[PDB]
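Remarks on the structure that follows.
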Amino acid sequence: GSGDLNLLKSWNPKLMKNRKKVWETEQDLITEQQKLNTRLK
Amino acid sequence: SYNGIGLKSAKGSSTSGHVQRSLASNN
Amino acid sequence: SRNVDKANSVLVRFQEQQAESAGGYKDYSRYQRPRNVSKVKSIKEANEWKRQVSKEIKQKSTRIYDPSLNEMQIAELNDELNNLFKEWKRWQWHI
Amino acid sequence: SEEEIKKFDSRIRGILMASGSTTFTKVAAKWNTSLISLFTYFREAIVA
Amino acid sequence: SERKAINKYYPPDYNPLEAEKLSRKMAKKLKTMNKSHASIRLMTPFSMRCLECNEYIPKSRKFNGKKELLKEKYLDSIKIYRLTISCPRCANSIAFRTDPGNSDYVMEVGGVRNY
Amino acid sequence: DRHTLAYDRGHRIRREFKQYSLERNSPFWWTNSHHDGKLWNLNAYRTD
Amino acid sequence: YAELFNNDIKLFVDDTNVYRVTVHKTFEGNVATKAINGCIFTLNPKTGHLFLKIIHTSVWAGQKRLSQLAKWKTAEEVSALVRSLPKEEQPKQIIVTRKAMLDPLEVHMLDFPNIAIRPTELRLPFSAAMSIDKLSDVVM
RNA sequence: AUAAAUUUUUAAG
RNA sequence: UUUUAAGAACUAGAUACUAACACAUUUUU
Ligand SMILES: [Mg+2]
Ligand SMILES: [Zn+2]
């Protein structure tokens, strides 16, 4: 036991399971807002 | 029969200590 | 996991739900107010709900005089007192 | 030669003591990368 | 009573789904289960400066602290949490926020960050 | 990269003295896959 | 919206009215939730033939969790409905208003690899089709 | 002209 | 005085707590 306990808990955003979740949701919303921008043109 | 071939006993050798004559080289 | 999890599991609760029906357990150290007074039930019960208030009256009453110096804190705690003491009044009134 | 036999054995002991719990495929991976080295270097001699 | 325990003795009847229903009713009346609050042991990533006793939480310090699910939800759906930590010298509560869009924390109410 | 590699000479002794200047062993110290290519293959073993 | 009338033959599925529950009055007081007979609604955009599989609520009297049994039974009748179609009349593709019907149809339709399943990329008003008086008369 | 056969699990930290 | 919670029925599906334990990670493209 040496390093940060934060890595071993879920809520912290810095570790790679949650950062990936944010990546995915943001990517989906980028697709949606992109298509909806193209529709209005 | 144990003729002097094999291991002193199979304990730490992890094998089964199963020995068999070699049909290969005889004549 | 802290025993907060372990005391709330189904295997803990179910025996309490049997003890209510089979006897005189069920605490009152668990549940909260209950919010409304007149909705309470037979006297031998509100009797215990009432002490379930007076005890906190004693704890925080002792928690008044303490020098520990937080004046805002003891202000909100002071209001909490008044609230509870009013509740005590209400439980007496129903009795 | 006897020396580098003992070096190999000592290295296996290395893989063993180093990983308390590394799970599994890490261990097999390390042992692969060790053995393949030993054979690939010593190839012919080992038979005897 | 082994730490790793395979079985748990159950009463001889125990309709399990029935206990799920009656226990589901029981879940409302309890004080702890409904607290809306939470308690978690954690660390301070960004260090600190206290705004009361100006005490310094130097880099990363264990704390018994309090997690709360925030009524905000990042973007359309992402969870966002708010943590509180008491100061060692004084009784003071400092809070966090976790920004999923910007990985680092941002904080409020009772502490400032060192640069 | 051969045009560069012809200006790399003394690679072997360097490989052997990597023992001293860094901790982690390099199980293959007797070849550079750059100069010597790749001296073995396995994948057949897999299927077998 | 253009690909619908291309030479492929596709079908349209609306299961929303398979499960209907209306409010009535009990003899003391309540809100009475009752189940009215539903229907399974599929059409191709070309012929305009309305396939309805009328469903009587007596089938629903022995179950709980009726959302699952709903989507699954509707999927079944889509499967058998495909089994009413010879190779020339087999649909090329199938499209469903909801995306909560995708899985059970993927379950039943495995035997028909030539039949693709697709979600609706456009909101479609096949849910209120019971407002057509002839259809609702045949169902009631 | 050979008949040569090792093991095997629980708790605590 | 003030105050509203409690009961019945229905729905689809995964999430919290603990880190004391181990952390050359090496390596084939
Ligand atoms: Mg200990
Ligand atoms: Zn302080």
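Residues in the structure tokens are numbered from 1 in each chain, the chains being A, B, ... in the order shown, and ligands are numbered from 1 in the order shown.
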Just the strand (DSSP E or B) stuff from chain E, please, per backbone DSSP, written as a PDB file with N, CA, C and O atoms, in the first residue's frame.
```
ATOM      1  N   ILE E  40     -17.624   8.277   3.032  1.00  0.00           N
ATOM      2  CA  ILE E  40     -16.565   7.614   2.285  1.00  0.00           C
ATOM      3  C   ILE E  40     -15.222   8.119   2.778  1.00  0.00           C
ATOM      4  O   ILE E  40     -15.062   9.311   3.058  1.00  0.00           O
ATOM      5  N   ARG E  41     -14.255   7.207   2.841  1.00  0.00           N
ATOM      6  CA  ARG E  41     -12.867   7.525   3.156  1.00  0.00           C
ATOM      7  C   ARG E  41     -12.140   7.815   1.850  1.00  0.00           C
ATOM      8  O   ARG E  41     -12.299   7.078   0.879  1.00  0.00           O
ATOM      9  N   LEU E  42     -11.360   8.891   1.803  1.00  0.00           N
ATOM     10  CA  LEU E  42     -10.836   9.346   0.525  1.00  0.00           C
ATOM     11  C   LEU E  42      -9.553  10.141   0.745  1.00  0.00           C
ATOM     12  O   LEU E  42      -8.978  10.142   1.836  1.00  0.00           O
ATOM     13  N   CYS E  50      -6.885  25.920   4.057  1.00  0.00           N
ATOM     14  CA  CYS E  50      -8.083  26.220   4.825  1.00  0.00           C
ATOM     15  C   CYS E  50      -8.311  27.724   4.833  1.00  0.00           C
ATOM     16  O   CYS E  50      -7.359  28.507   4.829  1.00  0.00           O
ATOM     17  N   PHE E  63      -8.919  11.042   4.608  1.00  0.00           N
ATOM     18  CA  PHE E  63      -9.971  11.634   5.409  1.00  0.00           C
ATOM     19  C   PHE E  63     -11.171  10.716   5.456  1.00  0.00           C
ATOM     20  O   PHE E  63     -11.478  10.021   4.484  1.00  0.00           O
ATOM     21  N   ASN E  64     -11.839  10.720   6.595  1.00  0.00           N
ATOM     22  CA  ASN E  64     -13.206  10.250   6.653  1.00  0.00           C
ATOM     23  C   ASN E  64     -14.095  11.424   6.279  1.00  0.00           C
ATOM     24  O   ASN E  64     -14.080  12.461   6.949  1.00  0.00           O
ATOM     25  N   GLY E  65     -14.871  11.258   5.214  1.00  0.00           N
ATOM     26  CA  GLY E  65     -15.478  12.371   4.520  1.00  0.00           C
ATOM     27  C   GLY E  65     -16.818  11.921   3.998  1.00  0.00           C
ATOM     28  O   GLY E  65     -17.268  10.813   4.289  1.00  0.00           O
ATOM     29  N   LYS E  66     -17.493  12.803   3.271  1.00  0.00           N
ATOM     30  CA  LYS E  66     -18.913  12.603   3.017  1.00  0.00           C
ATOM     31  C   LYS E  66     -19.235  12.846   1.552  1.00  0.00           C
ATOM     32  O   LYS E  66     -19.046  13.956   1.049  1.00  0.00           O
ATOM     33  N   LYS E  67     -19.736  11.816   0.879  1.00  0.00           N
ATOM     34  CA  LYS E  67     -20.107  11.900  -0.524  1.00  0.00           C
ATOM     35  C   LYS E  67     -21.594  12.186  -0.639  1.00  0.00           C
ATOM     36  O   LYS E  67     -22.393  11.697   0.162  1.00  0.00           O
ATOM     37  N   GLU E  68     -21.964  12.987  -1.632  1.00  0.00           N
ATOM     38  CA  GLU E  68     -23.360  13.313  -1.866  1.00  0.00           C
ATOM     39  C   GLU E  68     -23.631  13.292  -3.357  1.00  0.00           C
ATOM     40  O   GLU E  68     -22.872  13.878  -4.136  1.00  0.00           O
ATOM     41  N   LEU E  69     -24.703  12.606  -3.749  1.00  0.00           N
ATOM     42  CA  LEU E  69     -25.138  12.646  -5.137  1.00  0.00           C
ATOM     43  C   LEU E  69     -25.752  14.006  -5.416  1.00  0.00           C
ATOM     44  O   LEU E  69     -26.696  14.422  -4.739  1.00  0.00           O
ATOM     45  N   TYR E  81     -20.647  14.257  -8.401  1.00  0.00           N
ATOM     46  CA  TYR E  81     -20.679  14.059  -6.959  1.00  0.00           C
ATOM     47  C   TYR E  81     -20.085  15.253  -6.229  1.00  0.00           C
ATOM     48  O   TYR E  81     -19.245  15.982  -6.762  1.00  0.00           O
ATOM     49  N   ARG E  82     -20.514  15.434  -4.981  1.00  0.00           N
ATOM     50  CA  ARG E  82     -19.998  16.502  -4.135  1.00  0.00           C
ATOM     51  C   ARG E  82     -19.545  15.924  -2.806  1.00  0.00           C
ATOM     52  O   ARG E  82     -20.349  15.352  -2.063  1.00  0.00           O
ATOM     53  N   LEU E  83     -18.265  16.100  -2.504  1.00  0.00           N
ATOM     54  CA  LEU E  83     -17.604  15.515  -1.349  1.00  0.00           C
ATOM     55  C   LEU E  83     -17.310  16.596  -0.324  1.00  0.00           C
ATOM     56  O   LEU E  83     -17.043  17.740  -0.680  1.00  0.00           O
ATOM     57  N   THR E  84     -17.338  16.231   0.951  1.00  0.00           N
ATOM     58  CA  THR E  84     -17.012  17.166   2.013  1.00  0.00           C
ATOM     59  C   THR E  84     -15.969  16.551   2.927  1.00  0.00           C
ATOM     60  O   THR E  84     -15.951  15.335   3.141  1.00  0.00           O
ATOM     61  N   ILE E  85     -15.113  17.414   3.460  1.00  0.00           N
ATOM     62  CA  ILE E  85     -13.992  17.039   4.307  1.00  0.00           C
ATOM     63  C   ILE E  85     -13.906  18.035   5.450  1.00  0.00           C
ATOM     64  O   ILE E  85     -13.972  19.250   5.230  1.00  0.00           O
ATOM     65  N   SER E  86     -13.758  17.526   6.664  1.00  0.00           N
ATOM     66  CA  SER E  86     -13.565  18.363   7.836  1.00  0.00           C
ATOM     67  C   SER E  86     -12.085  18.669   8.016  1.00  0.00           C
ATOM     68  O   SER E  86     -11.228  17.843   7.699  1.00  0.00           O
ATOM     69  N   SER E  93     -16.142  22.495   7.116  1.00  0.00           N
ATOM     70  CA  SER E  93     -16.447  21.541   6.064  1.00  0.00           C
ATOM     71  C   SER E  93     -16.151  22.173   4.715  1.00  0.00           C
ATOM     72  O   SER E  93     -16.656  23.257   4.412  1.00  0.00           O
ATOM     73  N   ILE E  94     -15.328  21.504   3.915  1.00  0.00           N
ATOM     74  CA  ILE E  94     -14.986  21.975   2.581  1.00  0.00           C
ATOM     75  C   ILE E  94     -15.521  20.971   1.573  1.00  0.00           C
ATOM     76  O   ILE E  94     -15.573  19.771   1.858  1.00  0.00           O
ATOM     77  N   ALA E  95     -15.929  21.457   0.406  1.00  0.00           N
ATOM     78  CA  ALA E  95     -16.648  20.631  -0.549  1.00  0.00           C
ATOM     79  C   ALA E  95     -15.912  20.553  -1.877  1.00  0.00           C
ATOM     80  O   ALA E  95     -15.041  21.373  -2.176  1.00  0.00           O
ATOM     81  N   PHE E  96     -16.269  19.543  -2.664  1.00  0.00           N
ATOM     82  CA  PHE E  96     -15.713  19.332  -3.989  1.00  0.00           C
ATOM     83  C   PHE E  96     -16.815  19.348  -5.034  1.00  0.00           C
ATOM     84  O   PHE E  96     -18.006  19.417  -4.729  1.00  0.00           O
ATOM     85  N   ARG E  97     -16.377  19.274  -6.280  1.00  0.00           N
ATOM     86  CA  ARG E  97     -17.215  18.894  -7.391  1.00  0.00           C
ATOM     87  C   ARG E  97     -16.328  18.077  -8.314  1.00  0.00           C
ATOM     88  O   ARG E  97     -15.115  18.286  -8.358  1.00  0.00           O
ATOM     89  N   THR E  98     -16.919  17.144  -9.046  1.00  0.00           N
ATOM     90  CA  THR E  98     -16.157  16.383 -10.021  1.00  0.00           C
ATOM     91  C   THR E  98     -16.664  16.732 -11.411  1.00  0.00           C
ATOM     92  O   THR E  98     -17.790  16.377 -11.763  1.00  0.00           O
ATOM     93  N   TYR E 105     -10.829  18.301 -10.505  1.00  0.00           N
ATOM     94  CA  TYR E 105     -11.859  18.788  -9.602  1.00  0.00           C
ATOM     95  C   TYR E 105     -11.946  20.311  -9.629  1.00  0.00           C
ATOM     96  O   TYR E 105     -11.023  21.012 -10.047  1.00  0.00           O
ATOM     97  N   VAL E 106     -13.086  20.816  -9.168  1.00  0.00           N
ATOM     98  CA  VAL E 106     -13.257  22.223  -8.830  1.00  0.00           C
ATOM     99  C   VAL E 106     -13.984  22.276  -7.493  1.00  0.00           C
ATOM    100  O   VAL E 106     -14.890  21.475  -7.246  1.00  0.00           O
ATOM    101  N   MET E 107     -13.579  23.193  -6.620  1.00  0.00           N
ATOM    102  CA  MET E 107     -14.024  23.150  -5.237  1.00  0.00           C
ATOM    103  C   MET E 107     -14.606  24.485  -4.798  1.00  0.00           C
ATOM    104  O   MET E 107     -14.457  25.509  -5.470  1.00  0.00           O
ATOM    105  N   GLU E 108     -15.258  24.455  -3.639  1.00  0.00           N
ATOM    106  CA  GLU E 108     -16.008  25.590  -3.128  1.00  0.00           C
ATOM    107  C   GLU E 108     -16.052  25.529  -1.605  1.00  0.00           C
ATOM    108  O   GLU E 108     -15.509  24.613  -0.984  1.00  0.00           O
ATOM    109  N   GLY E 111     -12.361  26.345   1.222  1.00  0.00           N
ATOM    110  CA  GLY E 111     -10.972  26.056   0.928  1.00  0.00           C
ATOM    111  C   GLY E 111     -10.544  26.660  -0.389  1.00  0.00           C
ATOM    112  O   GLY E 111     -11.364  26.941  -1.268  1.00  0.00           O
TER     113      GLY E 111
END
```
Check your understanding: Can you tell me which residues sit at most 12 Å away from ligand 2, counting only C-alpha atoms (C1' of nucleotides) and all ligand atoms, written as a PyMOL selection string?
Key -> chain E and resi 48-57+85-94+110-112
Practice item. Check every protein, DNA and RNA residue against ligand 1, keep those with an atom at most 12 Å away (counting only C-alpha atoms (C1' of nucleotides) and all ligand atoms), and present them as a VMD selection string. Key: (chain H and resid 12 to 13) or (chain I and resid 20 to 21)
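Relative to CA of residue 22 in chain F, CA of residue 18 in chain D is found at 17.8 Å.
The gap separating CA of residue 68 in chain G from CA of residue 83 in chain G is 22.5 Å, in Å to one decimal.
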Check your understanding: Looking only at the backbone, which of the residues in range 6-42 of chain F does DSSP tag as helix (DSSP H, G or I), as a PyMOL selection string?
Key -> chain F and resi 11-21+33-36
Rows by chain and residue number, chain F within 8 Å of chain D, shortest pair, only C-alpha atoms, as CSV:
```
residue,atom,partner,partner_atom,distance
F:27,CA,D:37,CA,6.4
F:28,CA,D:37,CA,6.4
F:40,CA,D:40,CA,7.6
```
Please, could you write that set of residues out with N, CA, C and O atoms as a PDB file, in the first residue's frame?
```pdb
ATOM      1  N   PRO F  27      15.835  -9.925 -21.742  1.00  0.00           N
ATOM      2  CA  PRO F  27      16.116 -11.355 -21.908  1.00  0.00           C
ATOM      3  C   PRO F  27      16.855 -11.703 -23.173  1.00  0.00           C
ATOM      4  O   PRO F  27      17.604 -12.685 -23.172  1.00  0.00           O
ATOM      5  N   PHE F  28      16.698 -10.944 -24.249  1.00  0.00           N
ATOM      6  CA  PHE F  28      17.494 -11.180 -25.447  1.00  0.00           C
ATOM      7  C   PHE F  28      18.574 -10.113 -25.471  1.00  0.00           C
ATOM      8  O   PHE F  28      18.342  -8.989 -25.919  1.00  0.00           O
ATOM      9  N   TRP F  40      13.719 -16.611 -35.395  1.00  0.00           N
ATOM     10  CA  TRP F  40      12.869 -17.751 -35.092  1.00  0.00           C
ATOM     11  C   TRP F  40      11.411 -17.383 -35.286  1.00  0.00           C
ATOM     12  O   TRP F  40      11.045 -16.208 -35.326  1.00  0.00           O
TER      13      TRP F  40
END
```
Check your understanding: Quick one: residues within 9 Å of range 16-33 of chain A, only C-alpha atoms (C1' of nucleotides) counted, chain neighbours fewer than 5 positions away excluded, as a PyMOL selection string?
Key -> (chain A and resi 10-11+38) or (chain E and resi 75-78+100-101+103)
Revision key, fill the gap. Among A:37, A:9, A:14, A:4, residue 43 in chain E is approached most closely, using only C-alpha atoms, by A:4
Compute the chain E side of the contact with chain C at 12 Å, counting only C-alpha atoms, and hand it back as a PDB file with N, CA, C and O atoms, in the first residue's frame.
```
ATOM      1  N   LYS E   8     -25.668 -19.042   4.143  1.00  0.00           N
ATOM      2  CA  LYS E   8     -26.244 -18.326   5.267  1.00  0.00           C
ATOM      3  C   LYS E   8     -27.536 -19.023   5.649  1.00  0.00           C
ATOM      4  O   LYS E   8     -28.434 -19.154   4.815  1.00  0.00           O
ATOM      5  N   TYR E   9     -27.627 -19.483   6.892  1.00  0.00           N
ATOM      6  CA  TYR E   9     -28.828 -20.180   7.325  1.00  0.00           C
ATOM      7  C   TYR E   9     -30.042 -19.276   7.225  1.00  0.00           C
ATOM      8  O   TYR E   9     -30.047 -18.162   7.751  1.00  0.00           O
ATOM      9  N   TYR E  10     -31.078 -19.772   6.581  1.00  0.00           N
ATOM     10  CA  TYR E  10     -32.327 -19.061   6.420  1.00  0.00           C
ATOM     11  C   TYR E  10     -33.411 -19.749   7.234  1.00  0.00           C
ATOM     12  O   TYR E  10     -33.322 -20.950   7.496  1.00  0.00           O
ATOM     13  N   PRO E  11     -34.441 -19.027   7.657  1.00  0.00           N
ATOM     14  CA  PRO E  11     -35.569 -19.676   8.323  1.00  0.00           C
ATOM     15  C   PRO E  11     -36.198 -20.717   7.418  1.00  0.00           C
ATOM     16  O   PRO E  11     -36.047 -20.653   6.190  1.00  0.00           O
ATOM     17  N   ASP E  13     -39.056 -21.313   6.243  1.00  0.00           N
ATOM     18  CA  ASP E  13     -40.046 -20.923   5.247  1.00  0.00           C
ATOM     19  C   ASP E  13     -39.490 -19.881   4.280  1.00  0.00           C
ATOM     20  O   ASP E  13     -39.134 -20.222   3.147  1.00  0.00           O
ATOM     21  N   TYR E  14     -39.394 -18.625   4.721  1.00  0.00           N
ATOM     22  CA  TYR E  14     -38.698 -17.556   4.010  1.00  0.00           C
ATOM     23  C   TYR E  14     -39.017 -17.515   2.520  1.00  0.00           C
ATOM     24  O   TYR E  14     -38.197 -17.934   1.700  1.00  0.00           O
ATOM     25  N   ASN E  15     -40.207 -17.074   2.154  1.00  0.00           N
ATOM     26  CA  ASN E  15     -40.437 -16.820   0.741  1.00  0.00           C
ATOM     27  C   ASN E  15     -39.554 -15.649   0.346  1.00  0.00           C
ATOM     28  O   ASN E  15     -39.799 -14.528   0.813  1.00  0.00           O
ATOM     29  N   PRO E  16     -38.538 -15.839  -0.496  1.00  0.00           N
ATOM     30  CA  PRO E  16     -37.554 -14.761  -0.673  1.00  0.00           C
ATOM     31  C   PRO E  16     -38.125 -13.524  -1.335  1.00  0.00           C
ATOM     32  O   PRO E  16     -37.841 -12.408  -0.887  1.00  0.00           O
ATOM     33  N   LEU E  17     -38.944 -13.681  -2.376  1.00  0.00           N
ATOM     34  CA  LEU E  17     -39.543 -12.507  -2.999  1.00  0.00           C
ATOM     35  C   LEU E  17     -40.526 -11.818  -2.065  1.00  0.00           C
ATOM     36  O   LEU E  17     -40.636 -10.587  -2.079  1.00  0.00           O
ATOM     37  N   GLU E  18     -41.236 -12.587  -1.238  1.00  0.00           N
ATOM     38  CA  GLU E  18     -42.088 -11.976  -0.225  1.00  0.00           C
ATOM     39  C   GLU E  18     -41.268 -11.118   0.730  1.00  0.00           C
ATOM     40  O   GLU E  18     -41.678 -10.008   1.091  1.00  0.00           O
ATOM     41  N   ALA E  19     -40.100 -11.613   1.142  1.00  0.00           N
ATOM     42  CA  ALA E  19     -39.214 -10.802   1.966  1.00  0.00           C
ATOM     43  C   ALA E  19     -38.694  -9.596   1.200  1.00  0.00           C
ATOM     44  O   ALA E  19     -38.376  -8.567   1.808  1.00  0.00           O
ATOM     45  N   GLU E  20     -38.593  -9.697  -0.125  1.00  0.00           N
ATOM     46  CA  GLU E  20     -38.232  -8.522  -0.907  1.00  0.00           C
ATOM     47  C   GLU E  20     -39.341  -7.479  -0.871  1.00  0.00           C
ATOM     48  O   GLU E  20     -39.065  -6.273  -0.834  1.00  0.00           O
ATOM     49  N   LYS E  21     -40.600  -7.918  -0.882  1.00  0.00           N
ATOM     50  CA  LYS E  21     -41.703  -6.965  -0.815  1.00  0.00           C
ATOM     51  C   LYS E  21     -41.791  -6.327   0.564  1.00  0.00           C
ATOM     52  O   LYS E  21     -41.742  -5.097   0.695  1.00  0.00           O
ATOM     53  N   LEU E  22     -41.898  -7.150   1.612  1.00  0.00           N
ATOM     54  CA  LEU E  22     -42.031  -6.612   2.962  1.00  0.00           C
ATOM     55  C   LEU E  22     -40.819  -5.773   3.344  1.00  0.00           C
ATOM     56  O   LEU E  22     -40.954  -4.733   4.000  1.00  0.00           O
ATOM     57  N   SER E  23     -39.626  -6.209   2.946  1.00  0.00           N
ATOM     58  CA  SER E  23     -38.441  -5.402   3.195  1.00  0.00           C
ATOM     59  C   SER E  23     -38.461  -4.122   2.372  1.00  0.00           C
ATOM     60  O   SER E  23     -37.975  -3.083   2.831  1.00  0.00           O
ATOM     61  N   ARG E  24     -39.024  -4.174   1.164  1.00  0.00           N
ATOM     62  CA  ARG E  24     -39.143  -2.963   0.362  1.00  0.00           C
ATOM     63  C   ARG E  24     -40.059  -1.952   1.037  1.00  0.00           C
ATOM     64  O   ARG E  24     -39.831  -0.742   0.945  1.00  0.00           O
ATOM     65  N   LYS E  25     -41.101  -2.428   1.722  1.00  0.00           N
ATOM     66  CA  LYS E  25     -41.914  -1.521   2.527  1.00  0.00           C
ATOM     67  C   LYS E  25     -41.127  -1.010   3.723  1.00  0.00           C
ATOM     68  O   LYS E  25     -41.202   0.173   4.069  1.00  0.00           O
ATOM     69  N   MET E  26     -40.360  -1.895   4.359  1.00  0.00           N
ATOM     70  CA  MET E  26     -39.568  -1.523   5.527  1.00  0.00           C
ATOM     71  C   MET E  26     -38.530  -0.458   5.201  1.00  0.00           C
ATOM     72  O   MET E  26     -38.152   0.321   6.080  1.00  0.00           O
ATOM     73  N   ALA E  27     -38.070  -0.397   3.949  1.00  0.00           N
ATOM     74  CA  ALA E  27     -36.958   0.481   3.599  1.00  0.00           C
ATOM     75  C   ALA E  27     -37.281   1.955   3.790  1.00  0.00           C
ATOM     76  O   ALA E  27     -36.362   2.768   3.925  1.00  0.00           O
ATOM     77  N   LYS E  28     -38.558   2.327   3.806  1.00  0.00           N
ATOM     78  CA  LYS E  28     -38.900   3.737   3.933  1.00  0.00           C
ATOM     79  C   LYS E  28     -38.804   4.231   5.369  1.00  0.00           C
ATOM     80  O   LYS E  28     -38.416   5.380   5.598  1.00  0.00           O
ATOM     81  N   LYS E  29     -39.135   3.387   6.343  1.00  0.00           N
ATOM     82  CA  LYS E  29     -39.276   3.851   7.717  1.00  0.00           C
ATOM     83  C   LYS E  29     -37.945   4.056   8.428  1.00  0.00           C
ATOM     84  O   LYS E  29     -37.914   4.748   9.449  1.00  0.00           O
ATOM     85  N   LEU E  30     -36.854   3.484   7.927  1.00  0.00           N
ATOM     86  CA  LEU E  30     -35.585   3.538   8.640  1.00  0.00           C
ATOM     87  C   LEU E  30     -34.915   4.895   8.492  1.00  0.00           C
ATOM     88  O   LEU E  30     -35.148   5.630   7.529  1.00  0.00           O
ATOM     89  N   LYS E  31     -34.078   5.225   9.474  1.00  0.00           N
ATOM     90  CA  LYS E  31     -33.382   6.505   9.468  1.00  0.00           C
ATOM     91  C   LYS E  31     -32.143   6.482   8.583  1.00  0.00           C
ATOM     92  O   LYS E  31     -31.889   7.438   7.843  1.00  0.00           O
ATOM     93  N   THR E  32     -31.358   5.406   8.650  1.00  0.00           N
ATOM     94  CA  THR E  32     -30.075   5.378   7.957  1.00  0.00           C
ATOM     95  C   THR E  32     -30.236   5.236   6.452  1.00  0.00           C
ATOM     96  O   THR E  32     -29.643   6.006   5.689  1.00  0.00           O
ATOM     97  N   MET E  33     -31.023   4.256   6.009  1.00  0.00           N
ATOM     98  CA  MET E  33     -31.134   3.971   4.584  1.00  0.00           C
ATOM     99  C   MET E  33     -31.582   5.190   3.792  1.00  0.00           C
ATOM    100  O   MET E  33     -31.196   5.353   2.631  1.00  0.00           O
ATOM    101  N   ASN E  34     -32.372   6.066   4.405  1.00  0.00           N
ATOM    102  CA  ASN E  34     -32.982   7.195   3.719  1.00  0.00           C
ATOM    103  C   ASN E  34     -32.187   8.491   3.850  1.00  0.00           C
ATOM    104  O   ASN E  34     -32.684   9.542   3.437  1.00  0.00           O
ATOM    105  N   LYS E  35     -30.978   8.447   4.416  1.00  0.00           N
ATOM    106  CA  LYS E  35     -30.285   9.666   4.828  1.00  0.00           C
ATOM    107  C   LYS E  35     -29.967  10.618   3.682  1.00  0.00           C
ATOM    108  O   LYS E  35     -29.577  11.758   3.955  1.00  0.00           O
ATOM    109  N   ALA E  38     -23.971  10.346   2.326  1.00  0.00           N
ATOM    110  CA  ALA E  38     -23.087   9.186   2.281  1.00  0.00           C
ATOM    111  C   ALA E  38     -21.773   9.509   2.973  1.00  0.00           C
ATOM    112  O   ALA E  38     -21.398  10.674   3.119  1.00  0.00           O
ATOM    113  N   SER E  39     -21.067   8.452   3.379  1.00  0.00           N
ATOM    114  CA  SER E  39     -19.789   8.579   4.075  1.00  0.00           C
ATOM    115  C   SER E  39     -18.760   7.690   3.393  1.00  0.00           C
ATOM    116  O   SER E  39     -18.999   6.496   3.203  1.00  0.00           O
ATOM    117  N   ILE E  40     -17.624   8.277   3.032  1.00  0.00           N
ATOM    118  CA  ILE E  40     -16.565   7.614   2.285  1.00  0.00           C
ATOM    119  C   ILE E  40     -15.222   8.119   2.778  1.00  0.00           C
ATOM    120  O   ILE E  40     -15.062   9.311   3.058  1.00  0.00           O
ATOM    121  N   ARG E  41     -14.255   7.207   2.841  1.00  0.00           N
ATOM    122  CA  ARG E  41     -12.867   7.525   3.156  1.00  0.00           C
ATOM    123  C   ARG E  41     -12.140   7.815   1.850  1.00  0.00           C
ATOM    124  O   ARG E  41     -12.299   7.078   0.879  1.00  0.00           O
ATOM    125  N   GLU E  52     -10.248  29.115   7.268  1.00  0.00           N
ATOM    126  CA  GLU E  52     -10.517  29.483   8.652  1.00  0.00           C
ATOM    127  C   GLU E  52      -9.214  29.589   9.436  1.00  0.00           C
ATOM    128  O   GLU E  52      -8.789  30.694   9.775  1.00  0.00           O
ATOM    129  N   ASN E  64     -11.839  10.720   6.595  1.00  0.00           N
ATOM    130  CA  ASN E  64     -13.206  10.250   6.653  1.00  0.00           C
ATOM    131  C   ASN E  64     -14.095  11.424   6.279  1.00  0.00           C
ATOM    132  O   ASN E  64     -14.080  12.461   6.949  1.00  0.00           O
ATOM    133  N   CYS E  90      -9.593  22.993  12.838  1.00  0.00           N
ATOM    134  CA  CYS E  90     -10.852  23.637  13.164  1.00  0.00           C
ATOM    135  C   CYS E  90     -11.981  22.763  12.657  1.00  0.00           C
ATOM    136  O   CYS E  90     -11.785  21.886  11.816  1.00  0.00           O
ATOM    137  N   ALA E  91     -13.183  23.016  13.153  1.00  0.00           N
ATOM    138  CA  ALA E  91     -14.344  22.312  12.638  1.00  0.00           C
ATOM    139  C   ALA E  91     -14.864  23.136  11.472  1.00  0.00           C
ATOM    140  O   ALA E  91     -15.487  24.185  11.665  1.00  0.00           O
ATOM    141  N   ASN E  92     -14.605  22.652  10.266  1.00  0.00           N
ATOM    142  CA  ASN E  92     -14.977  23.349   9.050  1.00  0.00           C
ATOM    143  C   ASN E  92     -15.147  22.304   7.966  1.00  0.00           C
ATOM    144  O   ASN E  92     -14.367  21.356   7.883  1.00  0.00           O
ATOM    145  N   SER E  93     -16.142  22.495   7.116  1.00  0.00           N
ATOM    146  CA  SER E  93     -16.447  21.541   6.064  1.00  0.00           C
ATOM    147  C   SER E  93     -16.151  22.173   4.715  1.00  0.00           C
ATOM    148  O   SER E  93     -16.656  23.257   4.412  1.00  0.00           O
TER     149      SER E  93
END
```
Review point. What's the 12 Å shell around range 90-93 of chain C, counting only C-alpha atoms (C1' of nucleotides), without same-chain residues fewer than 4 positions away, as an NGL selection string?
Key: (:C and (33-41 or 43 or 45-54 or 83-86)) or (:I and (1-3))
